[PDB]
Protein chains: 2
Amino acid sequence: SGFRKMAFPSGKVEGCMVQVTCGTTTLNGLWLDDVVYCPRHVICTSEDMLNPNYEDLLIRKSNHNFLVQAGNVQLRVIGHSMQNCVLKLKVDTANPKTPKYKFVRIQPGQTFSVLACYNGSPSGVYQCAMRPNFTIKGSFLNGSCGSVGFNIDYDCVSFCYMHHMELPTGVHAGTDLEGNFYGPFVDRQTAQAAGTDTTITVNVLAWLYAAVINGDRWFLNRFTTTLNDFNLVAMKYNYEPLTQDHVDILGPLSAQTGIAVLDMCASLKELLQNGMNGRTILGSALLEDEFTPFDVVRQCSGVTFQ
Amino acid sequence: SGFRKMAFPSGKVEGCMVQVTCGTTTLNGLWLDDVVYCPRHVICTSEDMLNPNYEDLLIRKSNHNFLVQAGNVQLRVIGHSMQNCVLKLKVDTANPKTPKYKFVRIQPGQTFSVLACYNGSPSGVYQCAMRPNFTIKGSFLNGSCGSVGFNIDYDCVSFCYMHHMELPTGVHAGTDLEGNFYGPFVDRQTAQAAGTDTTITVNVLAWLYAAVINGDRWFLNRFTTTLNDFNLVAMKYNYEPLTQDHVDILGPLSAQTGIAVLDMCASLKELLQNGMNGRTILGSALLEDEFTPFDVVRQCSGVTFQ
Ligand SMILES: *[C@H](CC(=O)OC)[C@@H](C[C@@H]1CCNC1=O)NC(=O)[C@H](CC(C)C)NC(=O)OCc1ccccc1
Ligand SMILES: *[C@H](CC(=O)OC)[C@@H](C[C@@H]1CCNC1=O)NC(=O)[C@H](CC(C)C)NC(=O)OCc1ccccc1
């Protein structure tokens, strides 16, 4: 038993991380097939990033201005193109370690694993959730751009994130693998505001179902409620509105534990109106919202990957 | 910036995970060079595990009674030996993916990364700390034995843990890679008690230094204290006694933030005597003790691995 936040095995992604250098700027790149993906601001200096005209900046750059290093071996760049906020460097060698991969654009509330890299070398892996305001709360130092977020079905790597920015608030913003930013963010060193960060309600309920599975029981109360009544209290505490869909994905955990979703919603209702009273749930003194209803089943059914 | 609990890249360990079957029992094995390491209770049935005589049980087993599977390829076992609570299966093929590796026995309070596996296939990775009572709080379902814990310097994998048991309390116990259990535990399905779980004081102080680095400041107070005075209050809250050694490892974070260790100890002293008042530090409403003083520097200096 036991419940922890768990990142996917990063072995398949490690084989695709390369170092990309342009001028004096160095970041990480994603080498899939014969294409290297990296943030387009690799063509930017520190002064360029204040107000960059990426088109005018990319005009001055050629193929030989891009040094792609895979450990100690170099990839000869034979073409480059700017797709939105990402750069696609065509190399003359296909990556022999390319797994079966996809490019997906996740939805708010869904989670993924981040392989933090510097100089194209992995440093650590952790689980991140795309907040409803399309930010993430990760760990990114200088040189961490180009690092990717991903999910794995069994042998298929679903790339979904690439890191670009840290906002003035300390949270992080990025794009998908097509260069499109998550949220209303642009890759420019200027003050940028995300919306009000709300709580992924279906995720806290799934995390409460996991605690119920793992022996944490004190929170289980005796009330029930309705979908609109709970949403009136959920909107009071900046929680996402629970839809009939969210009830359907939680069905698996509800049908196994025998607690109706509206019953769990009532136990969550009192948990917001009365606090934790100095108690903990699964070793945390607050409500966790970074566990999707599929992340708990993944940890209770024991799925694997090859 | 930002601070998260981070697991090492598990790519090098994934290449050493194989499936080990004996009779009807299947668990994970560690394939390094031409030796496969796995818990010795692979020779046990469900009824054997109540009171096993491992010697008498291993007498009945031969080399061909051990099926070692690496994906779809089998490893021919040509020898077996019981070292403490671990089984060493000699195969006729050296693992071509063996990294530079060591076998170490960690100290209480130190952390490591756990690659959770089932049927020799990785499932997830998370960071664990060896509690002062020589247990860990992980996530282990049925079939998770043989999974290992490890640390990486740069290209050297330091294996330190192998999973065996879940206690009646829900926490987990295991051995090093030499078969010696951490703590007073034996691999037998019987009621077994760990001691009183105490808090790794040097780890909470290092985690407070990280919050100080990442903008979390409200806890910083104005008192100071002495080593004995703080230990009198630390022992009151079941905290490990802080030694002059612990002050020396915290020197790096103390000399960078400019807060003396005894000053941080006073801010921690009031944090125990006054609680958090419904506030959070680094997104947690309690004091984290699973971050060693080297784990914060690892996340603030940005070390990498190859
Ligand atoms: C990407 C550049 C890189 O890593 O390698 C060239 C980022 C820096 C990362 C983002 C998270 N922390 C970092 O150090 N460089 C940037 O200039 C971007 C903005 C756009 C050009 C994408 N991020 C940014 O300006 O972040 C502000 C910041 C806050 C705290 C610390 C460093 C930067
Ligand atoms: C190892 C066996 C295995 O995984 O594959 C053969 C363990 C089961 C693991 C330990 C953590 N959770 C599991 O399911 N089998 C055991 O019998 C051991 C005891 C010794 C023989 C090592 N663990 C044990 O008895 O755990 C009790 C338990 C609690 C909760 C759920 C399952 C088992």
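Computation of the quantities below employed the complete heavy-atom set of this structure, encompassing side-chain atoms and omitting hydrogens, waters and symmetry-equivalent molecules. Chain A is the first sequence line, chain B the second, and so forth, proteins listed ahead of strands; every chain is numbered from 1. Each ligand, and each atom within it, is numbered from 1 in the order the structure gives.
Evaluated by nearest non-hydrogen atom to atom 1 (C) of ligand 2, the leading choice among B/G138, B/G146, B/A173, B/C145 is B/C145. In this structure, of A/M165, A/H163, A/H41, the residue bringing a heavy atom nearest to atom 19 (C) of ligand 1 is A/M165. Of the listed options A/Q192, A/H164, A/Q189, A/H164 places a heavy atom closest to atom 15 (N) of ligand 1.
In this view, A/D216 satisfies the salt bridge (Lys or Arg N to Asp or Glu O under 4.0 Å) rule with no residue, not counting sequence neighbours. Remark: A/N63 pairs with A/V77, A/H80 by the side chain to side chain contact (heavy atoms under 4.5 Å, CB included) rule, at least two apart or across chains.
Between A/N133 and A/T135, the side chains place a donor N or O and an acceptor N or O closer than 3.5 Å (distance only, hydrogens not considered). A donor and an acceptor atom, one from each side chain of B/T26 and B/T21, are located under 3.5 Å apart.
In this structure, the separation between OH on A/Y161 and CG on A/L177 is 11.5 Å, given to the nearest 0.5 Å. Between A/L58 atom CG and A/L87 atom CG the span is 6.0 Å, to the nearest 0.5 Å. Note: B/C160 SG to B/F150 CZ = 9.0 Å, rounded to the nearest 0.5 Å.
Ring-plane geometry between B/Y182 and B/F134 is classed as parallel, the angle between the planes falling under 30 degrees on a 0 to 90 degree scale with a further cut at 60.
Inclusion of A/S144 in the set of residues having an N or O under 3.5 Å from an N or O of ligand 1 is warranted. Among the atoms of A/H172, none of the N or O lies under 3.5 angstrom from an N or O of ligand 1. By the 3.5 Å distance cut-off applied to N or O atoms, A/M49 is not counted among the residues near ligand 1. Considering backbone and side-chain atoms alike, B/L27 places every N or O at 3.5 Å or more from each N or O of ligand 2. Where the criterion is an N or O separation shorter than 3.5 Å, residue side chain and backbone included, B/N142 meets it with respect to ligand 2.
Not a single heavy atom of B/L167 lies less than 4.0 angstrom from ligand 2.
Contact annotation for A/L141 and ligand 1: only backbone heavy atoms (N, CA, C, O) come within less than 4.0 Å of the ligand. Of all the heavy atoms of A/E166, the ones lying under 4.0 Å from any atom of ligand 1 are found in both the backbone and the side chain.
Numbered from 1 in the order shown, with element, the atoms of ligand 1 that lie under 4.0 Å from a heavy atom of A/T25 read 6 (C). Using a 4.0 Å cut-off to heavy atoms of B/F140, the atoms of ligand 2 that qualify are 11 (C), 12 (N). Heavy-atom contacts of A/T26 reach the following atoms of ligand 1: 5 (O), 6 (C) (cutoff under 4.0 Å).
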Can you check side chain to side chain contact (heavy atoms under 4.5 Å, CB included) on A/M17 and A/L30, steps first, answer last?
CA-CA 5 Å; A/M17 296 308 302; A/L30 191 72; 4.0 Å; yes
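Within 4.0 Å of atom 10 (C) of ligand 1, at least one protein heavy atom is present.
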